[PDB]
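Peer 1: here are the coordinates; sequence isn't available:
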């Protein structure tokens, strides 16, 4: 039920997208020691650096006392020899060692002040709380296994990850128009564009070889989510306006797709089919 | 095979809930060294901070002696120079170092006093004892793998985790009325509401699912915790529009006729949009 | 071949018990360093704290010399200034520092004396030796992986663990009479009582959901053992003395069991069946 | 089809024995650092403590120099004040500190001398070399994973481990006569006795089994170690009662007749209790 | 069915190539502590040493203050005693210790300056960014598990890894002409040469295979890296001897006749040794 | 088609050999810290100790400065008191402490000189490079997981590992003549002898029980390789010259092999068969 010409070729490829958030981060600090006060739940919206947080801060407060006293000393000291030499009382060598003990005891102050700034947790981006692995009583411990402790990420702006593959990868470039949809609200179709390839076999990012090729786009509302899978198709050609042979020239010039080719050379219209 | 005056549907979805306790925590300390005295058996009711607990406290008592002597010294010292300068005997610089040794030896006292407060265990909430992995003779050790040592949690108030999924997730919101029940006492049905979604694929909390927790108070023992439940969740309720027992079945198209508009159904007992008035030519079979 | 009344209902449930010892502990110390002398085998009866034991004690003896000399010093010292001031010879500040070096050198003595008490092993209960993972030549090492080194536990008093399940758990309470038996001596049947539930899905203690419910009881002789599995049944009801309808009232009032119900309301006797 | 005067049964059980060496040990030291000289190849006969061995000893020789100088000092010192006071020159308090520095610097000498004695390897028993996991160039390292480095064990005297099981375990005791054989030399049969049970499910030492070891001297090479054996174990022996080739087969009940009493059999050649006298009407088929 | 004058064969073998980049490296430093500023996204072209990078540098700046003061001191000091002795004021032994404190405090300055140079990341080659495992908030930590943190490598010049195997390995040497192609652009065929064997079972680099790498310049993006290729490798080429389309098929024996001598074939189009002259009685079918 | 006598029995056993190199070693040092310069590729021939190597040597050069200055000091010092006492100027106790600081500062010199000798890598045998796991940029790190970093071994002299088994192990001794071949060049057959058993179930070296029994032999050229598998057969008997009954004496005296026995007692020749 077909004949000649037009210009509606759409070549497409299709793979299936695992969808994602644009960023996304796990958080637990260089400290050890059990925790005390936990500030969030499930899926809170959180703006920058917040309160999460807090391992018991106890011995770090200790070490603050100890380096702030031994700083009050050296401070008074070289503040006093800051007024000798300025007469010419004692030396220019007794100044070097009063400054040394000062600077050294200020350093060692900003140090254990840091290890207190550790004990306080902070969210590394304004975002939303995915996970909360970790609990008010929880005797965490670092050393060599960072813990994480809160997971959080950004869900306006999401980005989908089309497990595309080894064959069709000489094509799929950037900026190709794509459409895709879910599995959750079939009457929709989302369009976007394709935004970047990888150049990385998605084993190699984070038998059976895929090459992601991310597409981003803003989720307003909270509609989408994150684990989700999508079905997606990606125009790898578009000639508006040449010549179309509903398929079979089988038992010249391309390309064929899907089974519905495409006349370039020469020719022109008017013509035939195959039947049968 | 007519109307329903105007009528009343329940769309529901259903998934299967792994049930849970509201909170729940594992406990074992920053210390190492073997233990000595263990205070609970599973399924003890425990109120706050209690006695669990206790790794052998031996070398931590040592370090208490050693920092409390070296504190008795500096305390006497700068308590003595606290009465010089207040004459004007010795200086204002020999005070700085008597205070330094004091503060420093008080600090290092609160430190090893802390590492004794570690050795003593405490329960991070008033609750009940799930597990007791760990035993009177047991030569535990921290460093880099925290142990836990007691698990304990709260079982009045429980919360169930309906492994719901990728399809139906555009719906299920919060505050939806839900009912569910177990596998253990079939003549029951518990109602509750739905209390929160996640926004998190339940791999990503802790084949694609998205939990959506529902809480509610367990009085008595009754429920438990490992349990699974079967649960169904009203994703619509129109009290009072028009009901076509299903088929006008398809660019959807709808036999007797006219055509209609549509939606929605469930379990296969579709709903009208115009339609259609009352009585009409009812379409079957 | 049946009619009315009585009072022999036994509802029962049944699951299969993995049997156990009441306690049970693994043992290897905070030390490192290879071992030397090992005192037990296979399944010895052992009473408290014994000799197991002993990593090579060598450098810990070293550190005993070193802190016991530096203690002989301070001891002589402040024993000598314990007799000044008691005249009024030297000061009250030279006493503080002689006591300090004393206390400090006694502390540091009880410390490396402890690290020698480590090197000696001890059994944390009068019991019996399950396992002996670990051998006269064996270059063990702690740090962050405790070793264990002997396993030992108590086998008078055993306790069985009936993998019971998600359905029948609204019933099975405590104090229910139970019977169970093995797989090794079929002409027996052991009775006991049920002694505690858990409230813990036996994944959660130490697809497919079970809830243990321990039952203890004394193994005299050594007959039972430990790995064993048992088959067990647990009276979750007993009405002595109401009304019994050999089953089928199918195509009122309960409960039914197994297929052999149970008349409450109203009624009385004399009556029928089903046939057919 | 009569009696057996009085007769002689063997009940047996049978399981399959994984065979073993009596002892057996893995060896690699508290040290780190690469190695240098390796003294054995597998299947060397070795007698006690030998030369294995040797991680590069380099920095441990360093720490020997450094603690042996600082010992030469304190030795000369308090050897000198060992001749004051014995006049009455200098004090009784300057002796305390010369002794302290002495003892302390002898201690710290026996310490780094020890960490040299580590660097040298030694075989924890006179025996034979199973394995040699570890090589002349091999940059080993301890800390928290002890290495092993040579495995060695004793192969005169071996001991076989009959994966026996949950049923038959109420029987099999110690001192039962056993026979077993391999898979490698079928015309043999080795007898021994059974020497110990366990009381330990062979998951729990190191589908339910309970080992029950049997030892015996391997002279020559002959046996080996990975081997499996097939073994059978007399759990009864009545020399001299009455034997009914099996069936009176069932509340057990026993055809010709009369009835009997019973037990026991094996492999299906049952035994009488009364019974039954001599000759009788033999029941078959 | 005759001769080939003298004729021209291609034996080939074939295996399937996993393709690769020439180099390729993972990068994350000796430091610990969380990060702060991250400079790249995957698939950035990067030239040498760049900005990646940066764990929070905080306490390393601290230790810079502390060792640069204690250096200002000793510098002034021995700069002052650099002008004694050059009179002859104080000694030649008070110089030794002023130099010692100097050198020692310069050393400990280059040390903590180093641990700041750590905190800054750098790309170990001019190349392109594969991976970016690691994120602006990410609380990394070293010690004993190096992290990596960026992966990057070189994609002009790629090299393909033909999982070739245990049989054909006595052949395939180096410098053999090869052709191969993908799975993604079938109208192509890439030729190259073979550039090296391994001598290493490709389990042992990083069912038995032996890689045998072939390199060649990827200009443009075109290829990629995960890819598989299908590749065939001329293990013989006699231009110009005699060709018997196969069968004289067997102590091998060769119908029409006479007999021949033989080899070799492929895919089943065998070759003569005498044979046989021209024309002859061609054997079929 | 057979009769009596001779002396061509060959009993043989057969198993399949995984072949190997005689030695073989993995190499990466006690250091940490990233690397810098890497000297080899794929399969280089390398003679002893070479250049491989080199983690960035930076802070180890630091610690060389620091202990070589503090050595220049003590060296000058006790070189100066080496000329007192030799008059009789200052004491015999001030010498002890000048020597102490000297020896101690020489020790501490050979120490950080060692930690520089670490940073330089060296091949633990003249051989060939199997593997090169590890790369110019590679931020390696030891502590508790040695890295390895180059793998290298010897491929003249190879040694094959005949997964032989639990049955036939009462036989296979040493010095038995063996032949074997590959899978890669069928027209060959290599002979060798058998050179050692193990006494070790090849799980136990480095359901289903094998016992290796190595055979070595020189690979000249580079022909063999290493991953390879071989098929091998091993004469466990050879009587040249007794009496041979093509098999079946079935429905005396052995042994039988394969199905082609072997007359000892008594007898003599001339005789029969089985047919049928």
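Peer 2: Cool, the structure landed. Residues are numbered from 1 along each chain as shown, chains lettered A, B, ... in the order given.
Peer 1: For chain B, what is the nearest residue in the stretch 1-150 of chain A?
Peer 2: Residue of the stretch 1-150 of chain A nearest chain B, by C-beta to the nearest C-beta: residue A:137 (2.3 Å). Every C-beta, even on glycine, is put in place using the N, C-alpha and C of the backbone.
Peer 1: Once you drop chain neighbours, what's closest to that residue?
Peer 2: Sequence neighbours aside, residue B:124 is the residue nearest to residue A:137 in space, at 2.3 Å (criterion: C-beta to C-beta, 6 or more residues apart in numbering or on different chains).
Peer 1: can you list the domains in chain A?
Peer 2: What curated CATH domains lists as the domains of chain A is A:1-11+A:238-276, A:12-22+A:159-237, A:23-56+A:121-157, A:57-120.
Peer 1: got the end-to-end distance for the last one?
Peer 2: Separation of the first and last residues of domain A:57-120 by C-alpha to C-alpha, to the nearest Å is 8 Å.
Peer 1: burial of residue A:92, as a residue count?
Peer 2: Counted with other C-beta atoms under 10 Å in any protein chain shown, the neighbours of residue A:92 add up to 11.
Peer 1: So it sits against residue A:86, correct?
Peer 2: No - using C-beta atoms under 8 Å, residue A:92 makes no contact with residue A:86, being 11.5 Å away.
Peer 1: What segments of the stretch 51-200 of chain A are helices?
Peer 2: Ranges of helices in the stretch 51-200 of chain A, per DSSP state H, counting those that start in this stretch, are A:58-80, A:94-119.
Peer 1: Redo these as CSV? Include mean neighbour count.
Peer 2: CSV is the format used below for those (neighbours: other C-beta atoms under 10 Å in any protein chain shown):
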stretch, mean neighbour count
helix A:58-80, 18
helix A:94-119, 18
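Peer 1: how far is stretch A:177-189 from where the chain is centred?
Peer 2: Distance of stretch A:177-189 from the chain centroid (C-alpha atoms, centre = their mean, to the nearest Å) equals 23 Å.
Peer 1: Which positions within it qualify as buried?
Peer 2: For stretch A:177-189, a neighbour-count test (16 or more other C-beta atoms under 10 Å in any protein chain shown) marks A:178, A:180-185 as buried.
Peer 1: so how far is the first residue of it from its last?
Peer 2: Using C-alpha to C-alpha, the end-to-end distance of stretch A:177-189 comes to 13 Å.
Peer 1: who's in contact with the helix or strand hosting residue A:26?
Peer 2: Taking DSSP states H and E as the definition, one finds residue A:26 inside strand A:24-27. For strand A:24-27, the surrounding residues in contact (C-beta atoms under 8 Å, 6 or more residues apart in numbering or on different chains) are A:52, A:121-125, A:130, A:148-154, E:135-139.
Peer 1: For chain F, give me its nearest residue in chain A.
Peer 2: Closest point on chain A to chain F, by C-beta to the nearest C-beta, is residue A:144, at 8.5 Å.
Peer 1: OK, contacts around that residue?
Peer 2: Applying C-beta under 8 Å, 6+ apart, the residues contacting residue A:144 are B:144, E:141, E:143-145.
Peer 1: Tell me the first helix or strand C-terminal of the strand holding residue A:26.
Peer 2: Following strand A:24-27 in sequence order, the next helix or strand is strand A:45-46 (DSSP H and E).
Peer 1: Summarise which helices and strands that next one is packed against.
Peer 2: strand A:127-131 (3 or more C-beta pairs under 8 Å, 6 or more residues apart in numbering or on different chains; DSSP states H and E).
Peer 1: Quickly run through the sheet partners of the strand it packs on, with directions.
Peer 2: Each strand paired with strand A:127-131, and its direction, by DSSP bridges: strand A:45-46 (antiparallel), strand A:150-153 (antiparallel).
Peer 1: Would you mind giving the ones you listed as CSV with mean neighbour count added?
Peer 2: Shown next, in CSV, are the strands paired with strand A:127-131 (neighbours: other C-beta under 10 Å):
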stretch, mean neighbour count
strand A:45-46, 15
strand A:150-153, 24
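Peer 1: secondary structure element for residue A:49?
Peer 2: Under DSSP H and E, no helix or strand contains residue A:49.
Peer 1: about what we covered before: report the strands that pair with the strand holding residue A:26, each with its relative direction.
Peer 2: For strand A:24-27, using DSSP bridges, the partner strands are strand A:150-153 (antiparallel).
Peer 1: who's in contact with the partner strand?
Peer 2: For strand A:150-153, contacts defined as C-beta under 8 Å, 6+ apart pick out A:21-28, A:40, A:46, A:52, A:121, A:123-125, A:127-134, B:204.
Peer 1: just how off-centre is that strand within its chain?
Peer 2: With C-alpha atoms, centre = their mean as the basis, strand A:150-153 stands 11 Å off its chain's centre.
Peer 1: With stretch A:149-156 instead?
Peer 2: A distance of 10 Å separates the centroid of the chain from that of stretch A:149-156, by C-alpha atoms, centre = their mean.
Peer 1: quick one: residue A:113 and residue A:65 touch, right?
Peer 2: No - applying C-beta under 8 Å as the test, residue A:113 and residue A:65 come out as separate, 11.7 Å apart.
Peer 1: anything in contact with each of the two?
Peer 2: Counting by C-beta under 8 Å, 6+ apart, residue A:113 and residue A:65 have no common neighbour.
Peer 1: so residue A:48 touches residue A:125, yeah?
Peer 2: Yes - at 7.0 Å, residue A:48 counts as touching residue A:125 under the criterion of C-beta under 8 Å.
Peer 1: Just want to know which of the two has more residues nearby.
Peer 2: With neighbours defined as other C-beta under 10 Å, residue A:48 and residue A:125 compare such that residue A:125 has more, 19 against 10.
Peer 1: quick one: contacts for that one?
Peer 2: A:23, A:25, A:48, A:152-154, E:136-137.
Peer 1: sec struct for residue A:232, please.
Peer 2: Following DSSP: H, G, I helix; E, B strand; the rest coil, the label given to residue A:232 is strand.
Peer 1: Might one say that it is in contact with residue A:16?
Peer 2: Yes - the criterion here is C-beta under 8 Å, and residue A:232 meets it with residue A:16 at 7.0 Å.
Peer 1: So for these two, which sits in the more crowded spot?
Peer 2: Neighbour tally, residue A:232 and residue A:16, criterion other C-beta under 10 Å: the higher count belongs to residue A:232, 26 against 15.
Peer 1: Just give me the residue closest to the centre of chain A.
Peer 2: With distances taken as C-alpha atoms, centre = their mean, the residue of chain A nearest its centroid is residue A:23 (3.1 Å).
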